[PDB]
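Coordinates in review
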Amino acid sequence: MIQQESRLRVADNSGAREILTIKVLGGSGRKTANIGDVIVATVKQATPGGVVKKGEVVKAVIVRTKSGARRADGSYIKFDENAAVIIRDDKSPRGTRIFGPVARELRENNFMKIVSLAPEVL
Amino acid sequence: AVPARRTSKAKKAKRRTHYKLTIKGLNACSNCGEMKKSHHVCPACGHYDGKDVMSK
Amino acid sequence: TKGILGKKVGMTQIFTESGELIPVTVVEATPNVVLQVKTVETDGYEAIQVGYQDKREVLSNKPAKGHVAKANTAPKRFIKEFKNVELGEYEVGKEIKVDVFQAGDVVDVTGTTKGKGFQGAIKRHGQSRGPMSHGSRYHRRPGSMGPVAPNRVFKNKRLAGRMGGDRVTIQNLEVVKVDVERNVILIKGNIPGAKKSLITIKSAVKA
Amino acid sequence: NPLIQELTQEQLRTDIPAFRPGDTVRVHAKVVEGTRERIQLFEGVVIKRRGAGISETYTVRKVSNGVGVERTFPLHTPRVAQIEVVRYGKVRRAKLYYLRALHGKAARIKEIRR
Amino acid sequence: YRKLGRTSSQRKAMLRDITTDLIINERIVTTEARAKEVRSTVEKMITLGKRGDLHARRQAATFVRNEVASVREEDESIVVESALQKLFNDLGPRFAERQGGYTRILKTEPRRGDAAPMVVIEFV
RNA sequence: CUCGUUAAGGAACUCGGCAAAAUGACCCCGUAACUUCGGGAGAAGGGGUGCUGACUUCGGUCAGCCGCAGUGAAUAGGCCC
RNA sequence: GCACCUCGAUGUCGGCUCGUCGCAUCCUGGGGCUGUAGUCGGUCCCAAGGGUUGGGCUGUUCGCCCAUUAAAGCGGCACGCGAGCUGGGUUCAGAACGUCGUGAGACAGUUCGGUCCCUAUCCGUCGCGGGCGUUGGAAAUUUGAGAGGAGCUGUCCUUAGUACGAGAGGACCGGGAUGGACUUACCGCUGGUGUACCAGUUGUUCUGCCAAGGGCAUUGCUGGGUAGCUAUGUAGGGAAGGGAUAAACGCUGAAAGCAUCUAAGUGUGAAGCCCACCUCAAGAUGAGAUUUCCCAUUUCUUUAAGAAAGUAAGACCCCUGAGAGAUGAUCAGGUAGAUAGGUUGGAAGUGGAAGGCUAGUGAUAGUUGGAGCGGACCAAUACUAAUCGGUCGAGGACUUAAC
Ligand SMILES: [Zn+2]
């Protein structure tokens, strides 16, 4: 669960490192976000050089939370991190490389361009 | 909070109608006859359930 | 229509044909017996009186044995009435067993919730706290009692008091499995009440 | 208890090998990618096991591409096909929660024959 | 399991004392809550005294009080028995062939300064 | 009212981080602007610490062993612009 | 504006907690007109069932901004609510600045600091018992006069790239899937807690010493965790319908040979109204109904709805308790016995006991052996305690009618 003023690492090649969450789009008083949910955020730390510069308001999708997800067959998955990928308003990564491993729920929510580039898809 | 009016004799006594004492189950001993509390030892003779208990 | 009385055993798990895990509640119901048939000419309405769970015989009295004698059973612990069931089709002595239901069969389930005692407005009604610091002296209290003008408190101002112990029914649950030689029904989800408490199961009102 | 065990008895698996928390294991899961059926493998150290009945579960830790991953399974699902013990570890407790704050060489578990 | 007006270590002290009495005396006057909790503790000591071995002895010695004597014994010496030695030489062999239930409670009377209901708890 | 613990988040609380939590011992390495040249300075930031054996020039160092954790309890600076 | 009211005292604003009411309607529902092609809109009418968000800046309302939403309504209630909270602000005693004053001092100018008491008598609100009544005494099952809860809404897919339109663009009416907020239960799963459960470890003191343990140091500290209680966990819900209506729209129809929804007749029509769903309910003194159980001594005031006595069916006192609980009540039992303790097996949980052996100079390791221990959980078993007893509790009125 990820709420207002949580901080996420970036699993992308876009020029951002840390991100601060501003909204949890979808609903009118919704509290938390999960794996496969879209978000509005601030860039807090960038990389010297990069398409995305610090201070920008931008959209991102969550992969890889600590309090993870639950599957219909009774099994669970959990990660050691919270991470997101910055998105281009029709679900495409604004970078070209995803880092680290990714949850399989991004298929059902139809981020198919992102499930092509992840190293591992769990 | 402070009582705004004193309470009269009738209302005091109507409050005090559930303020009594009771004297519940009293039986007669099987060994010596005198009255005693049920499920207790008899204090007059020290017998409970037809045997002697407060002796050696 | 369909409806039976039983007792609550507990909760477990089960896998389905496709291989999904599903939480379940076991209900045990030995055969129920029809003790009386109420009609419009005699009583003014139509119903059926059912008994469940045989009782030792030092524990009943003579009026109860007389009521249970016309049906040739032992005295029962739990006696309920079942309404809206085409009478016909039923007579004193009959046994209703769990094979009245089959897998599928969306159903209603009723019981009496667990008891919890004297509880405050926060646990009892979902009311929120006051602040825990910042000079505060208002943690766990029920709020202001109203405005000044009517010189009194309105009704349904909610407060502390005894919690739990009421009857509750839950609608549109599924029967996952029926076992006849053991007198057991498996219902998907959770039900109200404690263990060994009376449970009633009827076919659903909203269909 | 005994009414519940009797109902749930006919659904316990019999081909489950013995292992402890501390051992390494290969789970042969089953994935469904559209209509296709397929089998993955998930290799790691068993760190938990909390039990009694059909309700038994266990969990496996792995480090994939620089991030640590945990996956819990029920013991008797049909959606697993194989649990293989690869190594045996020397351990002193039941919950290895201290492994989730170590990395690389500090997270080493010694082997043992059995 | 009945808090008895005490914290966690004072309850344990009080029970350890009241069961070492009644091993030494075999008959005692106490209130009614303490007597129930104590029936449970004392019979747990007797089924270790019937077990007999060294492991059982050291298990009991965590609970029976030490520097207390229980002597009705003299051949020609000052030979003392130790109230754990009595548990293992006397009370276990006594209840050899009885299953549980080595005590019994009787009710007498309320204490004068208190109105506390009192009780006698004895062995056979 | 006085105490102990808490998933995920981590000042979003409130007039205001109020109150809590965090730092805390000894040994070693290191340490900026500015300055009345004394200071600033415990600046900041990092490492070691148990037990057995051998050697101990002396103060210590090497070899081995055990646990999640070695100032294994109690007592003891939060810091920066 | 006025000065009736309160000076032997009626405590100011924003915020918090808890709301309730009006409708001049912010969203959602239904409509007429349009300078209404479609998609979006303008305006007027009917409608109060439910809904109406988190931050930044200021003591601040107010206001501006950021990111969302179906929408981010306006008023009353001592500008609701301090014997319910806060005291940031205004309005005590200290000190300073600009400014006025010869001065003491002063300023709806500003600045830093600054004491908010109360054990609930009555009515009222939420829960829980005792008494009597309901016309013989009892054990159960119930009808429903009344009353309360609930009432929100988004996106996609299809119809269909169809109607409409030069193009750009793009529907009504239907069907299907899946969400947000809110809410009723529950502990099988994911976690929290778990001070009479298991283990590790520091200091010191005691069991005479060694080995093995107890006491104290926040439960000394650290790692786990059963029952029970729990959400952030899991299951469900606001489904479809009927009836009478509002605005609006008619059909037939004359007064008034025509026209006209209306006068006589006859329809359609809203998230609203009465039902439909859930819960409470015969103290509903209008006290309702059904099934079953029990059936007569003594003196007379005078024979009377008379008194008193022993009983039936049944109930209670008293004891073991928990699925119940502030107490009392409720439910499970009292030898016609598994009600609680103990005992004998088991389980969760911990993680390899004590005593020996073997290998090491030692710290330690391996082995006997998934060992030992094990609150609340599961089976069996009368071993201890539910002993012996007592108390209360019917004898059924009168009038008319039909049989
Ligand atoms: Zn006597």
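Residues numbered from 1 in each chain as written, not as in the entry; some residues may be left out. Chains lettered and ligands numbered in written order. Part of a larger assembly, values for the part shown. Heavy atoms only, no water.

Its PDB record attributes the structure to cryo-EM, giving the resolution as 2.9 Å.

Chain E appears in the PDB entry as 50S ribosomal protein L17 from Enterococcus faecalis OG1RF. Taken verbatim from the UniProt record of chain E, the Sequence similarities (unreviewed entry) comment is "Belongs to the bacterial ribosomal protein bL17 family." (UniProt positions renumbered as here; feature names shortened; annotations may be inferred.)

Labelled according to the PDB entry, chain B appears under the name 50S ribosomal protein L32, originating from Enterococcus faecalis OG1RF. Chain B has a UniProt comment under Sequence similarities (unreviewed entry) that states "Belongs to the bacterial ribosomal protein bL32 family."

**Observations regarding the overall build of chain E**
Scanning chain E from terminus to terminus reveals four helices and three strands. Its helices and strands taken in sequence order, chain E reads α-β-α-α-α-β-β from the N to the C terminus. With the principal axes as the frame, chain E shows a C-alpha extent of 45 × 30 × 30 Å. The proportion of buried residues among the 124 residues of chain E is 38%. Summing over all exposed atoms, chain E offers an accessible surface of approximately 8000 Å²; the carbon and sulfur share of this is 46%. A gap of 10 Å separates the mean positions of the 24 positive and 18 negative side-chain charges of chain E. (Helix = DSSP H or I, 4+ residues; strand = E, 2+ residues; numbered from the N terminus. Buried < 20%, exposed > 50% of the residue type's maximum accessible area, 1.4 Å probe, protein only. Areas by Shrake-Rupley, 256 points an atom, 1.4 Å probe, with all protein chains shown as cover. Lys, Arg positive; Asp, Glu negative; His and termini not counted. Charge placed at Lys NZ, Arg CZ, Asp CG, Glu CD.)

**What about the protein's contact with RNA strand F?**
Contacts to RNA strand F come from 15 residues, most closely from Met-1, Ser-6, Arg-7 and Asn-82 of chain A together with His-134 of chain C. Within the side chain of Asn-82 of chain A, an N or O atom sits 3.2 Å from a phosphate oxygen of RNA strand F. (Near = heavy atom within 4 Å. Polar contact = N/O pair within 3.5 Å; in protein donor to acceptor, adjacent residues only side chain to side chain.)

**With respect to the protein's contact with RNA strand G**
Around RNA strand G, the structure places 138 residues, and the nearest of them are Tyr-48 of chain B, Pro-63 and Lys-123 of chain C, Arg-92 of chain D together with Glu-37 of chain E. Sugar and phosphate atoms constitute 74% of the interface atoms of RNA strand G, taking the interface as everything within 4 Å of the protein. Take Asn-172 of chain C: an N or O atom from its side chain is 2.7 Å from a phosphate oxygen of RNA strand G. The side chain of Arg-58 of chain E places a nitrogen or oxygen atom 3.3 Å from a phosphate oxygen of RNA strand G. No other element matches the seven residues that strand β10 (residues 167-179) of chain C contributes to the surface near RNA strand G. Per-class residue counts for the surface near RNA strand G are 37 nonpolar, 50 polar and 51 charged. (Nonpolar A, V, L, I, M, F, W, Y, C, P; charged D, E, K, R; others polar.)

**Digging into the interface of chain D and chain A**
Every contact between the two is made by 19 residues of chain D and, on the other side, 19 residues of chain A. Across the interface of chain D and chain A, roughly 1500 Å² is buried in total on both sides, 47% from carbon and sulfur atoms. On the chain D side of the contact with chain A, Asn-65, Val-67 and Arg-71 of chain D bury the most area, a combined 32% of that side's loss. Our count for the contact surface shared by chain D and chain A stands at three salt bridges. Salt-bridge contacts for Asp-73 of chain A lead to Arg-79 of chain D; the nearest nitrogen and oxygen are separated by 4.0 Å. For the pair chain D and chain A, the number of links is six residue pairs in polar contact. Of all the secondary structure elements, the ones that give two or more residues to the side of chain D that touches chain A are β2 (31-33), β5 (57-64) and β6 (67-74) of chain D. Judged from the four bridges that link them, strand β6 (residues 76-79) of chain A and β6 of chain D form a sheet pairing that is antiparallel. In the strand pairing of β6 of chain D, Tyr-76 of chain A is matched with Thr-72 of chain D. (Contact = heavy atoms within 4.5 Å. Buried area = accessible area lost by both parts, 1.4 Å probe. Salt bridge = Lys/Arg side-chain N within 4 Å of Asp/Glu carboxyl O. Pairing = 2+ DSSP bridges.)

**Concerning the coordination of the zinc ion**
All names here are of chain B. Only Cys-29 (SG), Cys-32 (SG), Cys-42 (SG) and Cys-45 (SG) from the protein reach the zinc ion as donors, at distances of 2.4 to 2.5 Å. Considering all four donor atoms around the zinc ion, angles at the metal cover 100 to 122° and the coordination shape is tetrahedral. Linear spacing of the donor residues for the zinc ion on their chain is C-x2-C-x9-C-x2-C. Assessed through its relative accessible area of 26%, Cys-45 is described here as partly exposed. (Donors = N, O, S within 2.8 Å, 3.2 Å for Na, K, Ca; no water. Tetrahedral: all angles 85-135°; square planar, octahedral: opposite > 155°, others 65-115°.)

**What about the pairing of strand β4 (residues 47-54) of chain C?**
All names here are of chain C. Counting buried positions over the eight residues of β4 gives six, a clear majority of the element. Both β4 and strand β5 (residues 76-83) contribute to a ladder of seven bridges, which runs antiparallel. For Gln-49, the partnering residue across the bridge sits in β5 and is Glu-81.

**Considering the arrangement of the chains**
Where four pairs of chains are in contact, the pair with the most contacts is made of chains A and D. Regarding chain A and chain B, the two do not touch, and the least distance separating their C-alpha atoms is 44 Å. Structurally, chain D and chain E remain out of contact, their C-alpha atoms never closer than 24 Å.

**Overview of the UniProt feature "binding site: Zn(2+) 1" (unreviewed entry) in chain B**
Residue and element names in this part refer to chain B. UniProt's entry tags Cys-29, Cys-32, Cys-42 and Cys-45 with the feature "binding site: Zn(2+) 1" (unreviewed entry), counted in the numbering of this structure. Spanning 17 residues, the named residues nonetheless gather at one spot, since no C-alpha pair among them exceeds 9.2 Å. Note that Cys-29 resides in the loop between β1 (26-28) and β2 (35-37). Excluding its chain neighbours within four sequence positions, the residues that come into contact with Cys-29 are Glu-34, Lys-36, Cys-42 and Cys-45. Turning to its location among the elements, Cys-32 is positioned in the loop between β1 and β2. For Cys-32, the residues in contact, after removing those within four places along its chain, are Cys-42, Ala-44 and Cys-45.

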